[PDB]
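Subsequent text provides structure tokens for two forms of one protein chain, presented individually as structure 1 and structure 2.
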Structure 1
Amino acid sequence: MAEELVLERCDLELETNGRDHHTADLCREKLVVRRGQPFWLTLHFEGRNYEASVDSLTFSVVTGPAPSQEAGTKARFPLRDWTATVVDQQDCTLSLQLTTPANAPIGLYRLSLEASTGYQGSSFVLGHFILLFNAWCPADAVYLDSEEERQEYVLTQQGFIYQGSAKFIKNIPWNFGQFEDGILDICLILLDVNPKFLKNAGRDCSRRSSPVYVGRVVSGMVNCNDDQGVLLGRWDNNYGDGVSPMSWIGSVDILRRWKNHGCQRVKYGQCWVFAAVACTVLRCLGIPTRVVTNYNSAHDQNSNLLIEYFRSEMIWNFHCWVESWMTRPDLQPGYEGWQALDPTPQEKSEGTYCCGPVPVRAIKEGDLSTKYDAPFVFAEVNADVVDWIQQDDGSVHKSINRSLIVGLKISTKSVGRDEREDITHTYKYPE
């Protein structure tokens, strides 16, 4: 006799979940949660309420265009690792607590409910939730065990980016604005239009379980090179047909301009702009990231770890990239922590203008076989400057130039303060 369950609505509990998962600014309209951590649902029913003796409910989550259990982009779990459990029941409502694994692929999931009383099961789409990286969760790869550092590197929307020269250091304020309306949606689009998604979407969604993979993707997709990336670089001081790199005050205008014109290159940017937009996207996705500036930054073109002049390679007044916090199970043990990611195009990696992630520790120790792109990053911070001087006798003499030392006063914003931290020690040993 007992007739089927009839759902009125699923309450996603935005305000509670938002506060618990540190996504309150993301959760005013849709549910955004962090992986590896329980979140609440409340099912409202129309006829009778859930009855454990009678009913058996099963859940389904799916992400991406080709979801499968093998890939970790589809899970099925019964109402009783993806779990769902009954926490409370009152009149017409049933209160649940779902959990996700700490190694779940980030992104937009669709949540369905199967309800049976022993016969033909009825199906319901409950809604959608976006699942992010979780720096608060000890099992997650991005885990950062310092609360003050999680505040700075994930949650803070304003920061400072260092520019100028080694001698004359200056800075600008920058609005990263990772939690402003529409920015998270633009980040998901960035991943969805990336080359590997276009090539094999099911595998690409599967691998968003790694901050390494995601990190690498972003260091590629922030520049427009090779793809539908965000920024076009320009360095010749003529920007009349775009925006001056120096006009920008924040990542938000760039990301939105990119979306509005159908994922079209944004004119124009330079290093700090690339790094800044990358910091926005990575912070939005929950990967603790920071912008670092390197003074006397060298561009090695022939991988000999020397910067060569002929009286020819380049040393910049400053160059900016980002570091992101994550374990590295793809490497030898001991490389967890900060990974250099570089979205500014300079040298190609695997046929494409991207760079990193590479452990900062690998740079410092000179373990240049470590992926990704350690030889290049080492040269940026710790190269010898060489002049091939032509002599009066027609001979060419190699000489070490110590007038301009590569990799000085490497800088990022202090935790929780409006001040500069020197992190030169993390990249290179003193001599």
Structure 2
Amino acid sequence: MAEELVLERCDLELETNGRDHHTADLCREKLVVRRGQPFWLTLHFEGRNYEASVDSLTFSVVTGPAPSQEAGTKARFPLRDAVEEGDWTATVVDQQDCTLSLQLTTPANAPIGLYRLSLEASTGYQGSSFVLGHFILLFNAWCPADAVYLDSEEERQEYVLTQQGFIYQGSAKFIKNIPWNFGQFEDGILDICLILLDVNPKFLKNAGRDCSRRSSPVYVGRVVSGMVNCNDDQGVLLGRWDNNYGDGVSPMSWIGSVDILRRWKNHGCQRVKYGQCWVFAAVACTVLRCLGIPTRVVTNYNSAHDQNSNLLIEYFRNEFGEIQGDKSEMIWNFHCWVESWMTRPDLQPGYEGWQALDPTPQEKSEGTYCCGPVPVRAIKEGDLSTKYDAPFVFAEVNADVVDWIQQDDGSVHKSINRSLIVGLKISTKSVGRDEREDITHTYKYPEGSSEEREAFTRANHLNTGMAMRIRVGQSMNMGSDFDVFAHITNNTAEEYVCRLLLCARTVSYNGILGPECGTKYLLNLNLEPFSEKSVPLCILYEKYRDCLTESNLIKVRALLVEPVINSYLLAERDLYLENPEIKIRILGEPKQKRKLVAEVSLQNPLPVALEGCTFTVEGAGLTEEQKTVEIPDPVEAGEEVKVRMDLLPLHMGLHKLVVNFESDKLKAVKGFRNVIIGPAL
């Protein structure tokens, strides 16, 4: 006669399992593990240890609201000597005293999510059942059987574990790297991501089906990308582009994904006020990285966006080169999306790798929606039949622009524009370093190459001796007066008298032109034979301050007209006005669970004073909460603003401290500092 087995306590070995499963930061009060990999379990009994002869143990796991084995959401498996032939297995590793050391294995295609683990202990016809605990199962980039497997440890670290990174903005001529705190492993973020999955429309429709289809990185990526902005009602972010963000946080102000997700969850999942394309991409990247899908934020300069996948874009301009069309959509200065790493069994073989996910809703036949995961290689090959919006992503980097100047007869003359090529300087943060990696080659083959022609035919694409370009003498700062030049080259014997029209206007990052901040018109301009000419245009801070966006972008337009042959030359350039540098000083010795002081300062570059000055500091591993300091007194024209923020780093290793500066006339100024936290000792 055998006494019933009595479970004192079940230990889920958070420390060891977190270290093995690369989820150590995630393992706070719950257990977090990655699928396709075994994890330790320890059972403590009072009185007697488990008897293989007299005791029978079966484990059960459930994840959905409607768990099913068929759907893959529920599994029951028995204790065994060696690993058995089954997706879910439990095997004895060691037995000592009253403790049983087990290893539990999950299939590499198990659906991700929160699971309840139950044990049915049957002893001599008397059956009892316990709930051992809960655990969250995530995608495993380390597991070769997993669809998201990455062979390189460096890439796994960068695309899954690294909580800070860069978003590339500015201009193609002047690329800017904005620090961002993804903070995927910050407190509560994993639960918020699970809520984001649980409140998505497909879950509302079926729930059991949605939880079952969470086994797929494609499905989860699509759901998350839609949830960021596209989903009405339960969307994470609300997008605004008119430069009026007073009632919310301006899109440029954000320094991390964490605050956005926290505001969204804390307010009953109402859309957090004001984000733009890079904000959508950054939040999506945070969610995917938290879920274990390797993801990176990507920036494309001169992006042909919201053109309904049109590969030939035509603009009709007046005598000054101004684009007349009220219908037409401008070429974005830059557009951001994400790339996620996965196999694609739903497609023909050979399309595993980076998949482009654009969480910014785009106009399409059948409505406005984000563009689902499409293999980047398919876009490169021109294989637009490939599933999930290959035509839109392809148009993004390969569209052609034709510029027309309208005649007095009502006819249009095609101008020569060599300044503009769409799909420029596609950039992403490099692996394990702060340098920028150019990934344009992944999207497109070299121009005028055999492969390019090959791809264009598969994509059914295949579309006076004077030159002009816009020149910047040197870097120009926000708040100052500077000159730009129209540089004309006449490499011909002819002498020309031409028309030069120069217009400088403030512009948003998505191409919305504001009023002109500088103009010069020269009706009779002599261009000597075999010579060059520089015509200056003066841009004044007073002229651009009122309508300048937080992107600090100004567009320069030059139209050169040669009347005799009636030839039109067009040159356009986007200028980025440099913000003042934020000086960061780290005071004390950076050690875990020890006080650290960050001194942040900047010098006012404006001729006028600054009011409402605020410093905001954020950083996963450096501070648990965002920190804000307001400077009560105004900062006059030449003075410096300096404040000290107290930080309590809770994690060892390298972390990036992200800083934002806000003021009435100087907004969204960014700074960052790499801080390595040593052992507490």
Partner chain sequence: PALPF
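Each residue is numbered by where it sits in the sequence of structure 1, with counting from 1. Heads up, when I say rigid core I mean the largest set of C-alphas that superpose within 1.5 Å between the two forms.
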### Task
Sort out for me whether 1 or 2 is the form deposited with its partner chain bound.
1
### Query
For the set 333, 351, 262, 138, which residue undergoes a C-alpha shift of 2 Å or more between structures 1 and 2, given alignment on the rigid core?
351
### Query
Relative to the superposed rigid core, does the CA atom of residue 224 travel 2 Å or more between structures 1 and 2?
yes
### Message
So, superposing on the core, is the move of residue 389 at the CA at least 2 angstroms between structures 1 and 2?
### Response
yes
### C-alpha of residue 401 off by 2 Å or more between structures 1 and 2 on rigid core
yes
### Following rigid core superposition, Cα shift of residue 168 between structures 1 and 2 in Å
2.2
### Task
Let me know the CA shift of residue 302 between structures 1 and 2 in Å, rounded to one decimal, core fitted.
4.0
#### Entry: Value in Å for the CA shift of residue 41 between structures 1 and 2, taken after the core is superposed
0.5
